[PDB]
Amino acid sequence: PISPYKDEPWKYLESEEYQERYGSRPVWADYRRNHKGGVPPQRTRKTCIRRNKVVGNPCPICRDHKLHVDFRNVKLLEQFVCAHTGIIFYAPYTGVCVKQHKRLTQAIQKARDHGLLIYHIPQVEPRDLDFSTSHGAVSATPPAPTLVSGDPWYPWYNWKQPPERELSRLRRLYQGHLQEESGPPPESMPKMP
Amino acid sequence: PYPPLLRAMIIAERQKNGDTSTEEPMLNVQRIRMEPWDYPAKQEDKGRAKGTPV
Amino acid sequence: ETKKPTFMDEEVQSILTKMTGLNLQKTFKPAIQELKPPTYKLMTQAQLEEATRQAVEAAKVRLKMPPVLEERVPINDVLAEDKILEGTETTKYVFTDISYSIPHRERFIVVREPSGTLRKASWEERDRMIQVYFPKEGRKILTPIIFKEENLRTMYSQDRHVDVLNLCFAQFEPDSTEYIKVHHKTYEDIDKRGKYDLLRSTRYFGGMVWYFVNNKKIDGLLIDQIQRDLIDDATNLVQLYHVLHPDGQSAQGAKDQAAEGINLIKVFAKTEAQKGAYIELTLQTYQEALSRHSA
Amino acid sequence: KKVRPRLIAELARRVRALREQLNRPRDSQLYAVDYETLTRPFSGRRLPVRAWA
Amino acid sequence: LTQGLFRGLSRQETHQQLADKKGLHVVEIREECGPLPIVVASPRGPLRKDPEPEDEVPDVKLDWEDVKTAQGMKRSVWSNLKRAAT
Amino acid sequence: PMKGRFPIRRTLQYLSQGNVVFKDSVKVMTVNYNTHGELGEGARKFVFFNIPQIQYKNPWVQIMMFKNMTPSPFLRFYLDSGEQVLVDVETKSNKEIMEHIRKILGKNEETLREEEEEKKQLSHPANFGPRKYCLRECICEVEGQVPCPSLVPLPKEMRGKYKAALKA
Amino acid sequence: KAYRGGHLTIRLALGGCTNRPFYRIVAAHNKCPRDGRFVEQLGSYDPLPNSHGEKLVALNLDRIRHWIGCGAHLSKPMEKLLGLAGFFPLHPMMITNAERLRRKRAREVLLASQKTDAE
Amino acid sequence: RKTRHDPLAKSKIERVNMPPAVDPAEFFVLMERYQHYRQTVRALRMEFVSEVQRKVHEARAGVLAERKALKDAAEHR
RNA sequence: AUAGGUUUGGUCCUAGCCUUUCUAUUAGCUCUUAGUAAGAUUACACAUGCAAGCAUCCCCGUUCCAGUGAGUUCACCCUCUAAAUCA
Ligand code: FES
Ligand SMILES: [K+]
Ligand SMILES: [K+]
Ligand SMILES: [K+]
Ligand SMILES: [K+]
Ligand SMILES: [Mg+2]
Ligand SMILES: [Zn+2]
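As a numbering rule, every chain is indexed from 1 in the order its sequence is written, which need not reproduce the entry's residue numbers; residues that lack coordinates are not presented. Written order determines the labels here, with chains lettered from A and ligands numbered from 1. Scope of values: the displayed chains only, which are part of a larger assembly. Values reported for side chains reflect all heavy atoms of the structure, with hydrogen atoms and water molecules removed beforehand.

Structure determination for this PDB entry is given in the record as cryo-EM, at a resolution of 2.98 Å.

This is how it looks when you write it as structure tokens:
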């Protein structure tokens, strides 16, 4: 099917058809899971629609194709949140499949982030006891002499060509296992034109 | 000279405690003496090869 | 010589505290949260008055006004420039000192840039890093999208100003630009649409008043106070305006005329108040009604 | 809690310590080197390449 | 069960009946409302001026099942299971 | 229901409401009380109600009780220095006894607060590790950081299966 | 247990999942397994650039100093992290590796220059 | 990893490691960097050792610690 | 446990067994891709290959890591004091 409300999902919840089908009760009021035993399975079915085929007992969301889970359909999302405590009902509560519960949870959070759904925002204490910005960590540290003069922080960072006598010692010690001598390295990193 | 972060923390601690000095904190390396790697080590604490003969 | 009062002066605090008011029902409005079975106590009238007094004491703690701070100055301090390391690393390193017992504003957070510059972290990076390692309840590392203009207008359309302010107080620091921007955008919307009752009996009223007085737009708030029969607060607002703008026409007018009580409103209404005509009409209506009840 | 005495662990320990002092390898044996192969015969380990010359 | 349920629910004392019998205000404390002392019932007749004697140690019979749950000593694989809306 | 008179005494909540945490000097507390006589009622109530609370807060202090050995009830504390603190409790209520011993031999509220603050420092918010010890297990939990590959597959360029294939 | 000798070391313990490395800076006995028992956790090191293009390093500097003052050694990767932070001086091998890279890249530019000039 | 008792692999019997080639210019410069690097780090270590030793003494026999001990003894008496 | 079925001609009480919930192996039948985690039944016997070297010789290391669960109140606290690290 093709619902005409996908673009404006909120309209369906104010239409006459919705009021005839559901009235003032939540869309999930009448749904009952079919299961063996008195205690139901602790997870709901994964998905009610497999390969564009609907299962026998479609969940409240999947049984009506005009109900669109969208962060803008705030009235539909409200039905799946506790009015007194603000917690999103777990899927066994309403019977929505895991696929639709995940979409509902994501849409509810998106509506709350956009300001469309009201939720309890608590009053928090300040992070810091003192709000002074005078400590060196946040202020300006007196510049070090090397930083002002432009020298390296320690003198041994720069390459100092060793004396020739010392290079002769190394050439005697490692006879026959010597590399080409290395001149002073470029002053700054080159770059491929 | 102290390494960058250490110096900044020391200086900041001075100002936090109320010490105002223009002198830069400096490590004292006079106590430290860097001997050559080939300086003879102590032979009294050195071990010995064990008895297993080949 | 003569220092103009700061926001935290005992005099200003008393004025702004009284102007805010204390509605116990609003301060302790039932929160939509996980609930527990309520408890019951058999109490005499004396005991009931003592518990109500204790609630007033607790509410006054809940209403303690946040201090208004000036925008923090950007941090741009370079600790070192090791040019040898230029080109060695492609991504910058953020080093956060996470020593437990250090005030968060006294922690050293430094950044090694790919160029080799060791610089102190920016105010923004500092706040992001402190959240990463010392996570605070209600603060997010990535700025929530609620604070975008399009989303803040929705919150204002629903009269959720206090919510916007509680969100901003948790996310942003009091001296941050974002904290400063959002609070001032909210205060303007309250002024434009005359929604001053939303922030009464909250810790955010004083800040709103402080904004209005220091930018010379206390007209809307004065009208509301008179329309609501809060002359004592309206007179105190005009008085405070004079203390923060002593070299002003209204302050000199009151000085010249030694105005007190309702007179202060009239002097201020004509000289400085932008809506001088509307204020006089509103004040007029009240004074007439008050004369009747007296009979 | 009374640990069962292990008496062979102490006997062997003493015997080993003694034999290490009586059958100790002498300096001649430990530090001898075969100059043709430059390997210590007692350990049968080759000397470092840099030490050969 | 049915006869027992109706016997208990019929005999439950209302907050007003308590105030009248005790001649004291019944003050409800809610965690969601903080310290607000909301009053649910007041004595229709005269209000006593003596506070109810506060016994240091209440001589009340406790159900082991409750106390055992409060101390996290009750492990049940069947308790607090997700169930359909009732 | 719970067995015994005043079953409240056998609840962890009641046992943790004792306010007497002895100083480290106190080693042995002896309670000499009489089973009959009105002048010893407080000592009998103190033994009935308060010894469980005292022992719960001071597990390593030996509490020994002696019945009908003397004409009057008294407490004696044996300190590690060897000093003996005799507290006569005749005519006192069980609350008065509990408050008296708190004053003379109980740690003040400041000392206890400090100890609790020292415990706070043991758990560091920034430390990453198992949930028993640390708040977060991995940095991937921190929003903004690269997510766990179990939840979000990493980009193919960041996976070693293809860092080698592209190279060879 | 009781390791024969050994010493405390401040080193990087690898965590995370496959292709998602994460390091915990820990002071541990030399002989302990890399990811095993440790004396104290002294920080963390995320080596993957985050959304903001940062490699995040946490250093409990108060406790790092305490353990260095109790005789804890340092691994080379840890010494190089402290060098980049500015707590210690730059490790010589970062300077040498930086210079080796400069020479390599200078030699590559010359070959590239010949490509475009000669041909 | 192998133990001292495990026999050596046949494949490795004749493995003679060839030592790396030395670059005279890079070797001397690097050797001094190590000397300077390790002198600086050993001075830093000597300062962290003294701090640790001072804090222990300060807790044991410091003015504040000894003052508290006397105060507590007085309050007891 | 929010409980359910089952004694008898029937009822109430007591009582056991079992059902419904969530996991872990194995069997049957069955199966498309991707990421991640985990992965002999047995302290039974083992072909083959590898798993400890480094280094100007001495030393140091191979006493670690990795593996197993046979045995089993050596693991924690206090006192005491070796080896070890702080060149
Ligand atoms: S648990 Fe953090 S990367 Fe997987
Ligand atoms: K049964
Ligand atoms: K199977
Ligand atoms: K060696
Ligand atoms: K076993
Ligand atoms: Mg020793
Ligand atoms: Zn469905």
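Okay, back to it.
1. Some words on the overall build of chain D
Test applied: Secondary structure follows DSSP: runs of H or I at least 4 residues long count as helices, runs of E at least 2 residues long count as strands, and numbering of each begins at the N terminus. Each radius of gyration is computed over the set of C-alpha atoms, and the globule rule expresses the reference value as 2.2 Å times the number of residues to the power 0.38. Working definition: with a 1.4 Å probe on protein chains only, accessible area under 20% of the residue-type maximum means buried, over 50% means exposed, and in between means partly exposed. Per-residue accessibility takes into account occlusion by the displayed protein chains alone, with areas from the Shrake-Rupley method and a 1.4 Å probe. All tallies of charge rest on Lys and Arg as positive and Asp and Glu as negative; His and the ends of each chain are not included. Each charge is placed at NZ for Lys, CZ for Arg, CG for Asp and CD for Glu.
Tallying secondary structure elements over chain D gives two helices and two strands in all. Along the chain direction, N to C, the helices and strands of chain D fall in the order α-α-β-β. A compact globule built from 53 residues would reach a C-alpha radius of gyration of about 10 Å, whereas chain D, at 19 Å, exceeds it by more than 25%. The proportion of buried residues among the 53 residues of chain D is 11%. Surface summary for chain D: the accessible area is close to 5,100 Å², and the carbon and sulfur share equals 55%. The positive charge centre, built from 14 side chains, and the negative charge centre, built from 5, are 14 Å apart in chain D.

2. Brief notes about the packing of helix α5 (residues 149-157) of chain C against helix α7 (residues 177-193) of chain C
Residue and element names in this part refer to chain C. Our working rule: Lines fitted to the C-alpha atoms define the axes, with helices restricted to the stretch that makes contact. Angles between their N-to-C directions range from 0 to 180 degrees. The cut-offs work like this: below 35 degrees is roughly parallel, past 145 is roughly antiparallel, 65 to 115 is roughly perpendicular, and the gaps in between are oblique. Handedness of a helix crossing follows the sense of rotation of the near helix relative to the far helix, less than a right angle counterclockwise being left-handed and clockwise being right-handed. Contacts: residue pairs with any heavy atoms within 4.5 Å of one another. Each residue gets one of three labels, nonpolar for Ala, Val, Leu, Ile, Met, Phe, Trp, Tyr, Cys and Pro, charged for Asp, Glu, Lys and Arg, and polar for the others, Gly among them.
Orientation of α5 relative to α7, taken along the N-to-C sense of each, is 40°, at an axis distance of 11 Å. The orientation of α5 relative to α7 falls into the category oblique. Regarding α5 and α7, the two cross each other, and that crossing is right-handed. Listed contacts from α7 to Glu149, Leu152, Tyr156 and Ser157 of α5 are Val182, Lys185, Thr186, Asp189 and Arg193. In terms of residue class, the contact of α5 with α7 is built from three nonpolar, two polar and four charged.

3. Describing the interface of chain B and chain G
For clarity, the cut-off: Once two parts are put together, the accessible area they lose, assessed with a 1.4 Å probe and summed over both, is termed the buried area. Should a side-chain nitrogen of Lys or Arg be within 4 Å of a carboxyl oxygen of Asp or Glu, the pair is scored as a salt bridge. Contacts described as polar in this section are N or O atom pairs within 3.5 Å, which, within protein, must combine one atom able to donate a hydrogen with one able to accept it, while residues neighboring in sequence count only if both atoms come from side chains.
Contacts between the two partners involve five residues from chain B, matched on the other side by seven residues from chain G. Summing the contributions of chain B and of chain G, the shared interface buries around 440 Å²; its carbon and sulfur component is 74%. Considering only the surface of chain B that becomes buried against chain G, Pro3(B), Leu5(B) and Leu6(B) emerge as the three largest contributors, covering 75% of it. Run the count over chain B and chain G and you get zero salt bridges. If you look at where chain B meets chain G, you find one residue pair in polar contact. Taken together, the residues of the side of chain B that touches chain G sort by class into five nonpolar, no polar and no charged.

4. Here we look at the arrangement of the chains
Considering every one of the 18 pairs of chains in contact, the largest contact total is recorded for chains A and C. The two units chain B and chain E remain apart, with a minimum C-alpha distance of 41 Å. Over all C-alpha pairs, chain D and chain F never come within contact, reaching a minimum spacing of 24 Å.

5. Observations concerning the sheet that holds strand β2 (residues 38-41) of chain E
Rule in force here: The rule for pairing is simple: two strands pair if DSSP sees at least two bridges between them.
In space, the three strands of this open sheet follow the order β1(C)-β1(E)-β2(E), with antiparallel pairing throughout. A single partner strand is all that each edge strand has here, and the edge strands are β1 (39-43) of chain C together with β2 of chain E. Ignoring which end each strand starts from, the neighbouring axes of this sheet average 40° apart. Direction of pairing for β1(C) relative to strand β1 (residues 25-29) of chain E: antiparallel, over a ladder of five bridges. By the bridge assignment, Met43(C) is partnered in β1(E) with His25(E). Of the strands in this sheet, β1 of chain C together with β1 and β2 of chain E touch helix α3 (residues 45-62) of chain C, which is tilted by about 130° from β1(C). Relative to β2(E), helix α2 (residues 15-22) of chain E is tilted by about 85°, and along the sheet it contacts β1 of chain C together with β1 and β2 of chain E.

6. Focus: the protein's contact with RNA strand I
Stated formally: Near residues are defined by distance, with any heavy atom within 4 Å of the molecule or strand qualifying the residue.
Around RNA strand I, a shell composed of 57 residues is seen, among which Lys46(B), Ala49(B), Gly6(G), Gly71(G) and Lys2(H) lie nearest. Each atom of RNA strand I within 4 Å of the protein was assigned to sugar, phosphate or base; sugar and phosphate come to 56%. One of the backbone N or O atoms of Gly6(G) is found 2.5 Å from a sugar or linking oxygen in RNA strand I. The contact in question runs from a sugar or linking oxygen of RNA strand I to an N or O atom on the backbone of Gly71(G), over 2.5 Å. Taken together, the elements giving at least two residues each to the surface near RNA strand I come down to β2 (45-46) of chain D together with α1 (24-61) of chain H.

7. Here's the deal with the interface of chain A and chain C
Taken together, the contacts link 36 residues of chain A with 46 residues of chain C. Both sides together, the interface formed by chain A and chain C hides about 3,600 Å², and carbon and sulfur atoms give 58% of it. Counting the surface chain A buries against chain C, the share from its top three residues, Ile121(A), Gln123(A) and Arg127(A), is 21%. Linking chain A with chain C are three salt bridges. The salt bridge partner of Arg105(C) is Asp128(A), with a shortest N-O separation of 3.1 Å. Summed over the shared surface of chain A and chain C, the number is nine residue pairs in polar contact. Here the side of chain A that touches chain C is built from residues that sort into 18 nonpolar, 13 polar and five charged.

8. As for the packing of aromatic side chains
Heads up, the rule is: Side-chain rings of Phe, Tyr and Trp, where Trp is taken by its six-membered ring, are said to pair if the distance between their centres is within 6.5 Å; with planes under 30 degrees apart they count as stacked, over 60 as edge-to-face, and otherwise as tilted. Charge-over-ring contacts are defined here by two conditions on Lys NZ or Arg CZ: a distance within 6 Å of the ring centre and an angle within 35 degrees of the ring normal.
Counted according to the given criterion, the structure contains 28 aromatic pairs over all chains. Between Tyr211(C) and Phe212(C), the aromatic rings sit 5.5 Å apart at their centres with planes inclined by 55°, giving tilted as the arrangement. A residue is classified by how much of its surface remains accessible, and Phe212(C), at 0% relative accessible area, is buried. Ring centres 5.6 Å apart and planes at 65° place the aromatic pair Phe22(F) and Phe77(F) in the edge-to-face group. In this pair, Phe22(F) is assigned in the loop between α1 (12-15) and β1 (26-33) and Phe77(F) in strand β3 (residues 74-79), connecting sequence segments 55 residues apart. Against the face of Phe169(C) rests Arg203(C), its NZ or CZ located 4.1 Å from the ring centre. Of note, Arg9(F) hangs over the ring of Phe48(F), and the distance from its end group to the ring centre comes to 3.6 Å.

9. Examining the sheet that holds strand β4 (residues 84-88) of chain F
Residue and element names in this part refer to chain F. Read across the open sheet, the four strands follow the order β2-β1-β3-β4; overall the sheet is mixed. Among the strands making up the open sheet, the edge pair consists of β2 (62-67) and β4. Pairs of neighbouring strands in the sheet enclose a mean axial angle of 15°, with direction left out of account. Where β1 lies against β3, six bridges are found, and the strand directions are antiparallel. By the bridge assignment, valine 31 is partnered in β3 with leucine 75. Along the sheet face, helix α2 (residues 41-57) touches β1, β2 and β3 and points at about 160° away from the line of β1. Strands in contact with helix α3 (residues 94-105) are β1, β3 and β4; relative to β3, the strand with the most contacts, it is inclined by about 25°.

10. Brief notes about the nonpolar core
As a reminder, the rule being used: Remark: nonpolar core denotes a set of buried residues (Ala, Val, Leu, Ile, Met, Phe, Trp, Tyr, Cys) joined through side-chain atoms within 4.5 Å.
The biggest cluster of nonpolar side chains holds 57 residues, and the ones touching the most others in it are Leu16(C), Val209(C), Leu222(C) and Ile265(C). Dropping the residues within four chain positions of it, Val209(C) is found in contact with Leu16(C), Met19(C), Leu221(C), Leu237(C) and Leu240(C). In terms of nonpolar packing, the next biggest core, distinct from the first, is built from 52 residues, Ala12(B), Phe108(C), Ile25(G) and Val41(H) among them.

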